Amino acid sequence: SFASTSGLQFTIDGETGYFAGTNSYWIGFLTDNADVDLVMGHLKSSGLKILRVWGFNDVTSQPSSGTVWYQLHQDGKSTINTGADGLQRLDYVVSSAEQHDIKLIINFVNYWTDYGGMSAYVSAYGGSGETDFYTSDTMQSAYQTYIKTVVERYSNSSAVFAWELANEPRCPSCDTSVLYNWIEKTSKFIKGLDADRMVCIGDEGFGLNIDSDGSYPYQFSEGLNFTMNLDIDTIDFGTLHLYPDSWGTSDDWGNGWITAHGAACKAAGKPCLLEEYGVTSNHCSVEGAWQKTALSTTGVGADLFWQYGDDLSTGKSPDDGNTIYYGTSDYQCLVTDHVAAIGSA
């Protein structure tokens, strides 16, 4: 029925094995159904089985008409948009995913300010910086009511791969227990509402004492401890992201990053998801190597490149330099070849 874990691997539609997928944060904010279906059709014919999307869109005032928004935080209250320019846009993504046999990872808030994020909650509820979000009872109450509304809305759908706490949560210089405690509380809350659906964190994978080279990502300065959080009983698999160019490390360092997380996942007895990765140049050679490493690493059960691209009714989808567009040479290297390789395992 719902997607699950089987040892260090994932199971989808009764098939247990390695899976390739991708990210499209923008799909739930499109307003044209044909574009959503165009994307889902292309993912299906590409063999990409997991699509990670943003399940949040937070604002502190109603946006100009026509702009999609999911939740408004104003006058000390949080209001959820269930209209045509609100959660009905995510509904179409979920429904199209069901039709096209695609499973979705849907997260509930951004650590970053894009689409509001924890900062929009802090603006409305009070405090300073994203870190106050985690321990604020009023913000956690609003965030949990949003979670409940979303989770219950799709309770009868088999297309949700996993509920994810947030995109890239960090707690700079915080004791690792702050995120540990918030992850435990939030994942328990989600499991109470939807016991059979997998839950994951959505973090970058920082804080790792297995085969550390002492570099920034392995250290604990961002408030994260990968092995400690992966032991939470209500977390089903670990997540790691990979951006050497943003972290000041080499491209080859990315393979060790994947290998080390695989070792931690094996030890925890749970799969790891390489949930985001990208570079803005030399896509095929660099990312192809990471893909090979992820596939061959015990403990790593799937990978999603950041990010998918397509030619929509409105022109090409977002290009942040990491985008790999359907039907291009880089797409053949990083999708057609990778999916073929996985199937030839």
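Residue indices: 1-based, along the sequence shown.
**Student:** Per the PDB record, is the mean Cα temperature factor higher over 75 to 83 or over 160 to 168?
**Tutor:** Stretch with the greater average CA B-factor: 75 to 83.
**Student:** So which stretch wins on mean C-alpha B-factor, 85 to 93 or 264 to 272?
**Tutor:** Mean B over CA atoms: larger for 264 to 272.
**Student:** Can you tell me which of 215, 239, 99, 110 has the maximum CA B-factor listed in the PDB entry?
**Tutor:** Comparing C-alpha B-factors across 215, 239, 99, 110, the maximum falls on 215.
**Student:** Highest CA temperature factor in the entry: which of 243, 253, 180, 146?
**Tutor:** It is 253.
**Student:** Ranking every modelled residue in this chain by its Cα temperature factor as given in the entry, which third contains residue 226?
**Tutor:** Answer is middle: the recorded C-alpha B-factor places it there.
**Student:** Would you please rank residue 284 by its C-alpha temperature factor against the other modelled residues of its chain and give the third it falls in: lowest, middle or highest?
**Tutor:** Answer is highest: the recorded C-alpha B-factor places it there.
**Student:** Among the modelled residues of its chain, does the C-alpha B-factor of residue 190 lie in the lowest, middle or highest third?
**Tutor:** Middle third by C-alpha B-factor.
**Student:** Test of reading the entry: by CA B factor among the chain's modelled residues, which third contains residue 140?
**Tutor:** It belongs to the lowest third of the chain when residues are ordered by C-alpha B-factor.
**Student:** Among all modelled residues of this chain, ranked by Cα B factor, put residue 295 in the bottom, middle or top third, i.e. lowest, middle or highest.
**Tutor:** Residue 295: CA B-factor falls in the highest third of its chain.
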